[PDB]
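S.K.: my sequence and its experimental structure, below.
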Amino acid sequence: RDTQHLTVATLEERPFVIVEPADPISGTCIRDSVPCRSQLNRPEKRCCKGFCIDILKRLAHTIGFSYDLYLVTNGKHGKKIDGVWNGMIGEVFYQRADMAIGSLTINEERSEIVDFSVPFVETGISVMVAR
Amino acid sequence: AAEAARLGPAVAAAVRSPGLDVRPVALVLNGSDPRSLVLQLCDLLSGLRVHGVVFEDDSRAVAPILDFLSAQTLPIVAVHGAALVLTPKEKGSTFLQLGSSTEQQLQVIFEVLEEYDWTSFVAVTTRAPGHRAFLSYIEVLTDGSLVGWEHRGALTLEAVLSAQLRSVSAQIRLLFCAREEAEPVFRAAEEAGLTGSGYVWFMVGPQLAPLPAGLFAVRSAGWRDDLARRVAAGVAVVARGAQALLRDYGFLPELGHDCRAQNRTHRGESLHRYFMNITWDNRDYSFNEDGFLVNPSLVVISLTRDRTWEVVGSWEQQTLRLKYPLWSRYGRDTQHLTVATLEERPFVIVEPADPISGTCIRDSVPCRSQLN
Amino acid sequence: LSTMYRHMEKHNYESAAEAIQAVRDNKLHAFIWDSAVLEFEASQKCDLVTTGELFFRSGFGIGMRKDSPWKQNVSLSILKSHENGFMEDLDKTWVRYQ
Amino acid sequence: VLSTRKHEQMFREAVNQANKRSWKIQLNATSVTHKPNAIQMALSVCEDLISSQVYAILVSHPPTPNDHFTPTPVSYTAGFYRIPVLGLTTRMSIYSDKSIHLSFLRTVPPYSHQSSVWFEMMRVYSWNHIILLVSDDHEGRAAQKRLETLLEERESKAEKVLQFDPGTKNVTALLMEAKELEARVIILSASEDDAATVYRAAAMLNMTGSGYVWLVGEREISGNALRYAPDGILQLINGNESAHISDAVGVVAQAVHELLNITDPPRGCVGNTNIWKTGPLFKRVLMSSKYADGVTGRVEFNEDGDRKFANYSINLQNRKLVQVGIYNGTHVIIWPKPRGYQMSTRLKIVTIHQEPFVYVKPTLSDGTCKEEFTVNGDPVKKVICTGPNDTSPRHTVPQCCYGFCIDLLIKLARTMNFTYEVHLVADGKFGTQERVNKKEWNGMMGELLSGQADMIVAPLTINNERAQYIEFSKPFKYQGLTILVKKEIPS
Ligand SMILES: *[C@@H]1O[C@H](CO)[C@@H](O[C@@H]2O[C@H](CO)[C@@H](O)[C@H](O)[C@H]2NC(C)=O)[C@H](O)[C@H]1NC(C)=O
Ligand SMILES: *[C@@H]1O[C@H](CO)[C@@H](O)[C@H](O)[C@H]1NC(C)=O
Ligand SMILES: *[C@@H]1O[C@H](CO)[C@@H](O)[C@H](O)[C@H]1NC(C)=O
Ligand SMILES: *[C@@H]1O[C@H](CO)[C@@H](O)[C@H](O)[C@H]1NC(C)=O
Ligand SMILES: *[C@@H]1O[C@H](CO)[C@@H](O)[C@H](O)[C@H]1NC(C)=O
Ligand SMILES: *[C@@H]1O[C@H](CO)[C@@H](O)[C@H](O)[C@H]1NC(C)=O
C-alpha cells in the first residue's frame, strides 16, 4: 500500500493464540478467527483465534491496521544464543517484522533490546503442585 | 446631512470646559479629491483646534488612509463603513472604531445557536482576508461544550461551486465573503436548491437572486441609530475620552495635530488607557486598545419574506434576549416524529435539569410539556 | 453509570486516610479505592474487610514528563528490580507481615 | 519609489527589452524619489495613474529612518485603488497579512520564513530540544507561531518558549529565567538594535554562553550588532536589487501578455470613489503566475503572496561568512556540535501522603526526626521532605517521609547516580482535569506537567486520560479498584 501494513509475528500458546486447520471443504474457518500463514526459509493456510488475536482485531479496528499473521518456526519466544537472537523477539529485533502479539513475557534483556508496550495481563513465575 | 450637523445636538447633550466646537469636521467634503479634504481638515485642526471627527461614507477600503492620518498626528472616530471593518493596526495611530469584531460576532452566533439547533456543520468561506482567523476561531469555540461538527466546506468562487456547496449536508450554514462576492454564492445556492425554508444561512462576515427566508446576521446595536444620533454618540465618546485624559492626568496637552510637519518625533505613538472605562446612553464602552469595545451591545437580525430586517435578539453583558420560542425545529417532512410519553417511575423517570446549568447528566433526553 | 457519579458528588472525601477513619465509625458504608491500600488497611486494622472482586486492574507507575530522557532508564531499573527479587523483599518489609 | 535614482535609469532599458518581447498598449514607467512630506508622493502617483496610466507600483528603499515607514503609505494608496504593488528591500512580516494591505505582493521572503530554515537546521544535527527567545513584536510573534505549529506537527511541544520585551534596557532578567534550563540550543529573534543591545548586555554580564550553539536571524547577525557580536551560528542574496527589478518587470510583462477582460484603469485619480473590478483578477493572476526564467533563481510564490525557495547561506568564526551548510529552497570541537541537551542531576520529586506507601512523620526539635529500627533490626531510611502543614494557611514545614516508595527512590538514586530533593504536593489531590471558569490539570499532575517537578514517585495509577501528556514508566506494583466495608460485629 508503505507506512501501514505491519507484519505481525506470533506463536501458538493454547490459552491465548490457538491455531486450527481451516479446511472443512471450504478454504476458511468460522467467522471468528483470522487466516494465518507460516514461514519456510503454497503452504496450508491455518487460522488463529483466542485472546491475543481478539486484541489484535480490536486494535486494527481502532487505530487502523492491515495485518498478516506470521506464525514463527525458528525457535519459540526467544533466547539469545552465541551472540545472536532467535525466536519471536529475535525476529522483531532484526528487520523482519514490526509487532509480536501473543504470549511474550517482558524481561530486562528483551526490553533493553526491543521496546515494549504497556502490559495488559499479569504474569510471572508461579508453581503448581498436585492435590 | 448638513442640517443634522448644523445645530449640533451633541453640544446640548454634552457640555465641557473647553471650546467644544459644534462642527466636528466643519466641511462635508467626503467626495472628490480626498487628498484636498485631508489637507484642509489638517489645516483647520491646526488653526482652530477642532474637537470632533466624523467619517460618514457607506462605500463598502477607506480605513487605511484614516489610520495613516492618525499615525501622522489626534484620534479619528467614524460615524455612519469605515468602522464596519476591524483589523489589527499600527500602534502609532489612535484609531477609533464602532463596529463589532469577527470574534465577537462568532461568540454571539454560537451563543444563540445553542437554543434552536446545535449543529454548526457547514462553515463555507471563500478566499477572503481573515478567513484563516475565522476558521481558527471556529475550531477554538467548538472545543468542549456541546456544539457538534460536520464539515469545513472550504471553497473558492457556478455549477462547480454549486456541487461543492451541495456536497455537505446541514441545516445551519455560515457565510464569509465580501458583499460583492455574496451574490454569486447565493445564486449558486439557489441553483443548487438550497435557498429554502429548510436551511438557514448565518451571514457572519463584516458586510453592512432573492435571499432565502433563513438569513440571520449579527450587527452592532447602532445599526438602527439615526445619523444624527450616531454623530452625537461619537462626539460624546471623544469628549468623554478628552475629559478623562484632562482630569486623570491633570494636564491640558495638545493631541498632536502637527499635520505634514518636518522631523516629527516618533516617541509618542498613541494612548488607549484613557478610553478603558466609558459609560453613555446606558451603554458600557470598554474600547480595547486594538480598536473594538470589550463586551459591547449587539443585535441579531433576520431577513423576512418582505426583504425587511427586524430586531430578533439582543446581546449584552454576556446575556441573550430573544423573542421567538425554542421548541425543536423549523421542519426538516417525513422524519421528525413527535413522541408523546408519560411518567412511569420504573420506565420513564422525569427530573428537573436545572443544577445551575440548563441540562442534566449525559444520560437523559430533554423533555418539554404542553399547555393548551 | 453516569448517574452513579452523581451520587458520588454529594459525598467525596478530600483525603485518603480521612475516609478510612470515617468508615471506622458508621458514617460512610462503602469505600472505593486501590487494592494495594485497602488490603493493607484491612490487615492492619482487623476491623474492615474488602468485598467484591478486583476491577480496572491497572498497576501503579513512576511518572515522568513527556519526552524525557529518563523514561528508558527508569523503566529498565524498575524491571531489573522486579526480576532481582528486590520488590518482593520491599513488599514483605513494608506491606505484608502485619 | 526609486533608490538613488539609479534603478530608474536602467528601468527604461529593462522595460524595452521586455516590452516587445508586443502589440496591445505600451506602458510608460515613471519613478519618484521618496519624500518625508507624505503629500508629494500622493500627487506623483495621481499624475502617474492619470497620464501614464500605471498598472502597478514598485517599492525599494534603503534603511534611512525606520524601515517600516516608507512603504506603508504607498501600500495604503494602492489598497485604496486596489492596484497591486511589488515590494522590495523590505521583508517585514507585517506585510504578510492581506487584511491591512489588500493589494501588496512581496517577492522577498520575510523573517517569518526563517523559522523553516531553523527547523531544517535543527533536523540537520537531530536536536530533540529547543529554546525560543523572540521579541514581543508582530514579527517575533509570527515567527514564534510558525515555529510552534511546525514543531507541533511532529508531535513535540516546544520546551521553554519565552518572550523578550523589545526596546527595553537591562533585559538580563530574562537570562535569569534562561540559565537553569536543560538545553543548550537557543534561538534568538529580535530587531538588529535589540540584538545588539542584548548582546552588549550579555557582554557586561559576561554570561554569554560563548562556544555554545546559537541560532539567530539575518537581522540579529547584522553589521551593527556585529561589533559586539558573541559566538553566532543567515545571509540572503537580495540583502541584487537590479536583478529583482528585472525579474518583476518580466513578471509584469508576462502578466500583461497573458491578460489578452475589461482592464480599464482609473483615468482620473480624484473625483471617483469606484475601484478597479479587474484589479482582483490581476492580483489573482500574479499570485498564480509562474516565472521560471527569473534571474534570481526560481520565482515561485505561495498562498500568502510571498516568494519561496530562496537562497539561504549559513559560522561566526571571528566575523566569518562561511556557508558551510547546504540548503537551497528544498535541499533538506564545539561550534561557536555537541548534544543539544544536558541532563540535570538535581531532580525535584513530588510525593503524596499514602499510608502503606509514603509515611509522613513530624520531625524533632533538633531538625531530624527520631531514628527507628525495623523488626529485623535494620535501619529505616527516611528523607527530609518539605511539605505543607495543617490540611488554615499554607505554611511549609520540613517533616520526614519514609516507607515503600521512598525506599524505591533511594535504590533508584543509588543505581542511577542522581541526587534528589523530595517535595510534597500542595493541594493534596492526586491529579485530574478540571474546567476553569478550556480545562487545566490540578493536583500532582499540575506540579509535574508545568510546575516545579521532574518525577512523581507516588502511588499513581495508570489510565488513558493521564498518559496522553505524561510518560509512564513500566509498572512497579499491580492492583485494582476494590471496595472496603465494615465487618459485622459477632455469641
Ligand atoms: C541510561 O543508563 C545507561 C547505563 O547506565 C547510560 O549509558 C551510558 O551513559 C554514559 C553517561 O551518560 C555514557 O558516557 C555512555 O556512553 C553510555 N553507554 C554505556 C554503554 O556506558 C545512559 O547514558 C543513560 N541515559 C540517560 C538518558 O541517562
Ligand atoms: C513617460 O513618463 C515620464 C515620467 O517622468 C515622462 O517624463 C515622459 O514624458 C512619459 N513619456 C510618455 C511617452 O508618456
Ligand atoms: C537588571 O536585571 C537584573 C535581573 O533582574 C537585576 O539584578 C539588576 O539589578 C538590573 N539592573 C538594572 C540597572 O536595572
Ligand atoms: C539555488 O538554485 C538556483 C537555481 O539554480 C540558483 O540560481 C541559486 O543561486 C541557488 N542558490 C544557492 C544558495 O545555492
Ligand atoms: C506544623 O504542624 C505541627 C503539628 O504538630 C505543629 O507542631 C507546628 O507548630 C506547625 N507549624 C506551623 C508553622 O504551623
Ligand atoms: C555522578 O554524577 C556527578 C554529577 O553529574 C558526576 O560528577 C559523577 O562523576 C557521577 N558519577 C558516576 C559514577 O556516574
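M.R.: Arrived safely. Residues are numbered from 1 along each chain as shown, chains lettered A, B, ... in the order given. Ligands and ions are numbered 1, 2, ... in the order given.
S.K.: could you use CA atoms for every contact and neighbour count after this?
M.R.: OK.
S.K.: quick one, what contacts residue B:284?
M.R.: Residue B:284 is in contact with B:277, B:278, B:295, B:296, counting by Cα atoms under 8 Å, 6 or more residues apart in numbering or on different chains.
S.K.: what comes up buried for the helix or strand residue A:20 falls within?
M.R.: Assessed by DSSP states H and E, residue A:20 sits inside strand A:17-21. Using 16 or more other Cα atoms under 10 Å in any protein chain shown as the test for burial, strand A:17-21 gives A:17, A:18, A:19, A:20.
S.K.: then residue C:93 would be within a helix, right?
M.R.: Yes - assigned with DSSP: H, G, I helix; E, B strand; the rest coil, residue C:93 falls within a helix.
S.K.: name the residues that touch stretch B:302-313?
M.R.: Here stretch B:302-313 has contacts from B:211-217, B:299-301, B:320-324, using Cα under 8 Å, 6+ apart.
S.K.: and it, end to end?
M.R.: Terminal residues of stretch B:302-313 are spaced 9 Å apart (Cα to Cα, to the nearest Å).
S.K.: just stretch B:284-293 next, same as before
M.R.: OK, stretch B:284-293 end separation, Cα to Cα: 9 Å.
S.K.: what of stretch D:95-107?
M.R.: 11 Å.
S.K.: and residue C:47, what does it touch?
M.R.: C:24, D:486, D:487.
S.K.: which ones among those residues lie within strands?
M.R.: residue D:486 (DSSP state E).
S.K.: so the closest residue to ligand 4 within the stretch 151-300 of chain B is in which element?
M.R.: Residue nearest to ligand 4 within the stretch 151-300 of chain B: residue B:156 (32.7 Å; Cα to the nearest ligand atom). Of the helices and strands defined by DSSP H and E, none includes residue B:156.
S.K.: return the residues in contact with the residue nearest to it when sequence neighbours are not counted.
M.R.: Spatial nearest neighbour of residue B:156, chain neighbours left out: residue B:126 (5.0 Å); criterion: Cα to Cα, 6 or more residues apart in numbering or on different chains. By Cα under 8 Å, 6+ apart, the residues touching residue B:126 are B:154, B:155, B:156, B:157, B:176, B:177.
S.K.: sorry, back to before: drop anything exposed from the contacts of stretch B:302-313.
M.R.: Buried by 16+ other Cα under 10 Å: B:211, B:212, B:213, B:214, B:215, B:216, B:217, B:299, B:300, B:301, out of the contacts of stretch B:302-313.
S.K.: what is the burial count for residue A:36?
M.R.: Neighbours of residue A:36 under the rule other Cα atoms under 10 Å in any protein chain shown: 20.
S.K.: then the one 3 residues further on?
M.R.: Residue neighbour count, defined by other Cα under 10 Å, stands at 10 for residue A:39.
S.K.: correct me if wrong, but it is in a helix.
M.R.: No - assessed with three-state DSSP, residue A:39 is coil; it does not lie in a helix.
S.K.: I figured it hits residue A:96, correct?
M.R.: No - the pair residue A:39 / residue A:96 is not scored as a contact, 11.8 Å apart, by Cα atoms under 8 Å.
S.K.: need the buried ones among the contacts of stretch B:302-313 in CSV with secondary structure and distance to residue D:308, can you?
M.R.: Putting those into CSV (DSSP: H, G, I helix; E, B strand; the rest coil; distance: Cα to Cα, whole Å) gives the following:
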residue, secondary structure, distance to residue D:308
B:211, coil, 42
B:212, coil, 44
B:213, coil, 46
B:214, coil, 44
B:215, strand, 41
B:216, strand, 41
B:217, strand, 39
B:299, strand, 44
B:300, strand, 43
B:301, strand, 45
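S.K.: lovely, talk soon.
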